[PDB]
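A.B. asks: Take a look at this one; I'll ask things after.
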Number of protein chains: 2
Amino acid sequence: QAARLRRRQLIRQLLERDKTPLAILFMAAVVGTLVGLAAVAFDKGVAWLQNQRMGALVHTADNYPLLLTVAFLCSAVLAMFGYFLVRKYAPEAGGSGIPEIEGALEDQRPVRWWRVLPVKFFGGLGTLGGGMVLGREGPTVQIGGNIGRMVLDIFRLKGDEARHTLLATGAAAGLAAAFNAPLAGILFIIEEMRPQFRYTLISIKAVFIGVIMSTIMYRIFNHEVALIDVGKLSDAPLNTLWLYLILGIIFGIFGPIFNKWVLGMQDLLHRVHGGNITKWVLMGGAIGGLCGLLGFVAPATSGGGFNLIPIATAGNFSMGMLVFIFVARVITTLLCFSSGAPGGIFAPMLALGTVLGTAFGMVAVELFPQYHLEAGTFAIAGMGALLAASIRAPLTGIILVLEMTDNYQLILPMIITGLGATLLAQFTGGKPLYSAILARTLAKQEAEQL
Amino acid sequence: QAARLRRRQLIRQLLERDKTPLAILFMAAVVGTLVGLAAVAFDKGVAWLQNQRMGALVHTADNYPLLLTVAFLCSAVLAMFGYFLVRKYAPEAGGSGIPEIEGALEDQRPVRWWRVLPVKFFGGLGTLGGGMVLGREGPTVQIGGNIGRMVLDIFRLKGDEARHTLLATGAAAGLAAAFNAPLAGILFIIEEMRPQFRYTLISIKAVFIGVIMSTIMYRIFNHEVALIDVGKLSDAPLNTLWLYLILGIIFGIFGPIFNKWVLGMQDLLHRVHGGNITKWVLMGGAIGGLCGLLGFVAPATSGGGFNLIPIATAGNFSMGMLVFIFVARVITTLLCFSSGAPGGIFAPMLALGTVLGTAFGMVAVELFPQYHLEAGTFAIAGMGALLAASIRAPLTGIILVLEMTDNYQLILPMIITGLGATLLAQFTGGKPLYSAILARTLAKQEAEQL
């Protein structure tokens, strides 16, 4: 056999490793600064909207049915202003965004930044300030993916590598500005969002440059870095690593069930309006008002969830309220994500996995006194376990939980739960969510024009 | 016309995603157990030989003529026992072994588990018990990859997915049980040792199971993980982040010079013996004796390098001793890696980066009193900087220094120094060392084929 032809080119391919050009390496530092300054403005707008809501709630709080009407309408109008821009100006904007940038990294789903930027920035603000149960990473990864195409057409940058290493750098530097997690930005773009079947040139050094130039510009403005404020929990002993495997089994069984429910509620809600704009924007306003009424009364069954993760993880939640929080959050996460709204389910998945981890830990510390357990270790171990069973990005989820909760002493329970989740999500017929939505929007577009 | 015809295939590929068969997932659960049980025996053999060397030399401490010759001969015999078992039986076990495993993950430079595995475990245990400046990283990655090839032929398993997966999960469980770093072990296999040009189906759900079934088998026997035992260092505010870029620039200008020195000392020492085994085993014994000598007199310029790191990072190293450690540690590191000894240069880079970071911080806190700095922050930020300059895999270096030091809050000073080292290693004209040793061995194999 003449097998000295492949080796003779591997000789000259191994020496030319990591040779990214300066014309890409500088535009990475440009797109990272742009997505940092965009995500900072998005966070400082969604904070100002919630401040203006909760400053007008307690201002006139004498007449309770009028106050409930105010808390309904002040969220419903901002939700209608977030559904109308999506249904009129950019139909590819409504959703998690990551199923669109994951398609854009495989040369389908064309990025039109001139109409996805002032829709996912000015309607995503309106539908996340209303208090709907969504996280601000959908309209940050999608906005960064549009900025990664904005500074490729505004600079007339030729090439085929340079599109996929800037459209991915801006996307990966949005999840590093939404969660204040630099490592999660790279380990999301090299593990889940990359083309998983073919070979593509995405320069990891440009990804690093964009991620740190977005994280610096995030930490310059958003000071007092207290995104998740769990304490230091007890280290998990080695003789009780088998409980974080049963927690992984529970999460990996629940994972494809939640994955089927999310993909079924879209097709169930797709026939209550049928595609009409004046009925879609009026159904979305009602759902955004129902997610503001539940933000005013029973304040745990709403919001991005980031305010109830420190109240969990060995906190004061009894189980009779902790199962109600889980039911009323799994009934409102897939009711305000699976309706065509700007906003991706990462934060209302972390807020679901944390509640279920606490609900398992409250049983495991009662049944097992001889282990001297702590009921908050299972919450950190199961925070990134619905993200490792429905999104099926366990290396991203474990690193993200390590980034934002700082507890390293239970890294082995984190990875045991994250690999007990993916195994029984695979063995029970479960697809990854951000690929099963991409395979749906690439089949609807296929059956539209054959 | 390759848009719809690729859509029809991409839908079917996205639906059938992340579906590794159970045979590879069980063989990768039995690989990691054997790799952990072999790394534990390797560590307990080298920590027995170093103990029964240092406690046996002290039986005669009055005769200072006799003591130096005892500390020389008792280390030179164990070095010759490594340089003989490498040369006579398995000549590919010399050097590190990682640029042989990452070559064997590209369908050439094959794995010989029946020849290398009782060479890298015995000659490696000899030449690391001799006190030489090598890590237990090469002899654990290569032993892991060859164990993962051993149980691919014991069980008669087939395929090109299973071969690459069981060859990658053993070498990813080697780094996870060599450094007690269950995240750096996989972040080495998805960044450095994978083939970077073609697309091979390394199943990451089976790499992770081999990692978490090996970290457990390490943690059962080796409690009290104290490879690095730095405290809780002070955080680095935003006005001092430009110093961890000058540190990255210094490391990126040192990296290619260190790779040139490594690749030049090999071609210089290859003219001493000329390939003769009876001269190689007699030269390498005298080379390894000048680390069992330095382990007795001035014991910091010897050893694996996981000592002296808590003595650095804001410790009692003065600058006049810290320049001597760096000028007399590089010499032995070159002399004992580029001579054919079984041992990887991955640990004597994590102890050169710490010394250079401390020597930078000790002048930073002298020159900038208005910043209120600390020399340990530069040390932890520059520990995984030569690993990003020379090996040019910055992500696993940042993850590894996050693993073993457990200082998280300087993650931005770590990652800035990492990418600033990789950039200035690219612009100066540097190549990755683990892809310059492989592209030298393959060029020797080609030019020897008459």
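Any read-out appearing in this document is the output of simple, stated calculations on the displayed coordinates, not a laboratory observation. Positions of Cβ are backbone-derived with ideal geometry, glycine not excepted, and every protein chain shown enters the neighbour counts.
A.B. asks: Within segment A:385-396, how many residues are within 10 Å of another protein chain (Cβ to nearest Cβ) and farther than 19 Å from A:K260 by Cβ?
C.D. replies: 2
A.B. asks: Please tell me if B:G353 is surrounded by 13 or more Cβ atoms within 10 Å (Cβ to Cβ) and either outside any helix (DSSP H, G or I) or among the charged types (D, E, K, R) (or both).
C.D. replies: no
A.B. asks: Sticking with this structure for a sec: With the requirement that a residue be of a type in the set (D, E, K, R) and either crowded, with 24+ Cβ neighbours inside 10 Å or outside any loop (DSSP other than H, G, I, E, B) (or both), what does segment A:395-444 give you?
C.D. replies: In the first step, residues of segment A:395-444 are kept if they are of a type in the set (D, E, K, R); the result is A:403, A:406, A:431, A:440, A:444.
Listed by number, the residues that qualify are A:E403, A:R440, A:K444.
A.B. asks: Please specify each residue of segment A:415-427 satisfying the condition of being touching a residue at least 40 places away in the same chain (Cβ under 8 Å) and within 30 Å of B:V225 (Cβ to Cβ).
C.D. replies: Scanning segment A:415-427 gives A:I416, A:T417, A:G418, A:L419, A:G420, A:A421, A:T422, A:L423, A:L424.
A.B. asks: Since B:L268 meets every condition but one in (1) assigned to a helix (DSSP H, G or I); (2) touching a residue at least 12 places away in the same chain (Cβ under 8 Å), which condition does it not meet?
C.D. replies: Condition (2) is where B:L268 drops out.
A.B. asks: While we're on this one: In the set B:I380, B:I399, which member is at the interface with chain A (Cβ under 10 Å from one of its Cβ atoms) and either under 20 Å from A:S203 (Cβ atoms) or touching a residue at least 60 places away in the same chain (Cβ under 8 Å) (or both)? Quick ask: steps written out before the conclusion?
C.D. replies: Details: B:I380 fails: at the interface with chain A (Cβ under 10 Å from one of its Cβ atoms).
Result: B:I399 is the single residue among B:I380, B:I399 that is at the interface with chain A (Cβ under 10 Å from one of its Cβ atoms) and either under 20 Å from A:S203 (Cβ atoms) or touching a residue at least 60 places away in the same chain (Cβ under 8 Å) (or both).
A.B. asks: Taking helices (runs of 4 or more DSSP H) that fall entirely within segment A:1-116, which contain at least 2 residues that are hydroxyl-bearing (S, T, Y) and farther than 22 Å from A:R149 by Cα?
C.D. replies: Working: elements: A:6-14, A:22-57, A:64-89, A:98-104.
Per the criteria, A:64-89.
A.B. asks: Something else now. Among the listed residues A:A375, A:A447, which satisfies the condition of being surrounded by fewer than 24 Cβ atoms within 10 Å (Cβ to Cβ), more than 10 Å from chain B (Cβ to nearest Cβ), outside any helix (DSSP H, G or I) and small (G, A, S)?
C.D. replies: Every option except A:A375 fails the conditions.
A.B. asks: Which of the following residues is more than 29 Å from the chain's Cα centre (by Cα), surrounded by 15 or more Cβ atoms within 10 Å (Cβ to Cβ) and among the acidic types (D, E): B:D18, B:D43, B:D62?
C.D. replies: B:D18
A.B. asks: Out of all the residues in segment A:296-348, which are aromatic (F, W, Y) and under 22 Å from A:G231 (Cβ atoms)?
C.D. replies: A:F306, A:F317
A.B. asks: A further question on this structure: Of everything in segment A:402-422, what is more than 24 Å from A:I311 (Cα to Cα) and more than 7 Å from chain B (Cβ to nearest Cβ)? Give them in sequence order.
C.D. replies: A:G420, A:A421
A.B. asks: Report, by residue number, each residue of segment A:191-218 that is within 23 Å of A:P348 (Cα to Cα) and either facing chain B (nearest Cβ under 7 Å) or among the aromatic types (F, W, Y) (or both).
C.D. replies: Looking only at segment A:191-218, we keep the residues that are within 23 Å of A:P348 (Cα to Cα), and these are A:191-193, A:215, A:218.
Listed by number, the residues that qualify are A:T215, A:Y218.
A.B. asks: Give me the residue from segment B:428-444 that is over 22 Å from the mean Cα position of the chain (by Cα) and either touching a residue at least 12 places away in the same chain (Cβ under 8 Å) or more than 9 Å from every other protein chain (Cβ to nearest Cβ) (or both) and, out of that set, nearest to B:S234 (Cα to Cα).
C.D. replies: Once the filter is applied, the top-ranked residue is B:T428.
A.B. asks: Related question: Residue by residue through segment B:68-112, note down the ones that are within 14 Å of chain A (Cβ to nearest Cβ) and small (G, A, S).
C.D. replies: First pass over segment B:68-112, keeping only residues within 14 Å of chain A (Cβ to nearest Cβ): B:98-100, B:102-110.
Selection gives B:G103, B:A104.
A.B. asks: Specify the residue that is nearest to A:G376 (Cα to Cα); the eligible residues are those in segment A:231-280 that are among the aliphatic types (A, V, I, L, M) and within 13 Å of chain B (Cβ to nearest Cβ). Outline the logic, then answer.
C.D. replies: The initial filter retains those residues of segment A:231-280 that are among the aliphatic types (A, V, I, L, M), namely A:233, A:236, A:238, A:241, A:243, A:245-247, A:249-250, A:253, A:257, A:262-263, A:265, A:268-269, A:272, A:277.
With within 13 Å of chain B (Cβ to nearest Cβ) added as a condition, the list becomes A:236, A:238, A:241, A:245, A:263.
On the way: A:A236: 11, A:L238: 17, A:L241: 15, A:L245: 16, A:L263: 31 Å.
So the residue we want is A:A236.
A.B. asks: Given the conditions (1) more than 28 Å from A:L85 (Cα to Cα); (2) touching a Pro at 6+ places or on another chain (Cβ under 8 Å), and given that A:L247 satisfies all but one, which numbered condition is not satisfied?
C.D. replies: Status for A:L247: all satisfied but (2).
A.B. asks: If A:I228 satisfies all but one of (1) more than 10 Å from chain B (Cβ to nearest Cβ); (2) surrounded by 23 or more Cβ atoms within 10 Å (Cβ to Cβ); (3) within 19 Å of the chain's Cα centre (by Cα), what's the number of the condition it fails?
C.D. replies: Just one mismatch for A:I228, condition (2).
A.B. asks: Further, regarding this structure: Pick from segment A:11-24 the residues that are among the hydrophobic types (A, V, I, L, M, F, W, C) and at the interface with another protein chain (Cβ under 7 Å from one of its Cβ atoms): which of them is farthest from B:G103 (Cα to Cα)?
C.D. replies: A:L15
A.B. asks: In segment B:272-311, what residues are of a type in the set (A, V, I, L, M) and in a helix (DSSP H, G or I)?
C.D. replies: Those that are of a type in the set (A, V, I, L, M) and in a helix (DSSP H, G or I): B:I277, B:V281, B:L282, B:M283, B:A286, B:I287, B:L290.
A.B. asks: Can you give me the number of residues within segment B:110-124 that are under 22 Å from B:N51 (Cβ atoms) and surrounded by 24 or more Cβ atoms within 10 Å (Cβ to Cβ)?
C.D. replies: Going through segment B:110-124 one residue at a time, the tally reaches 3.
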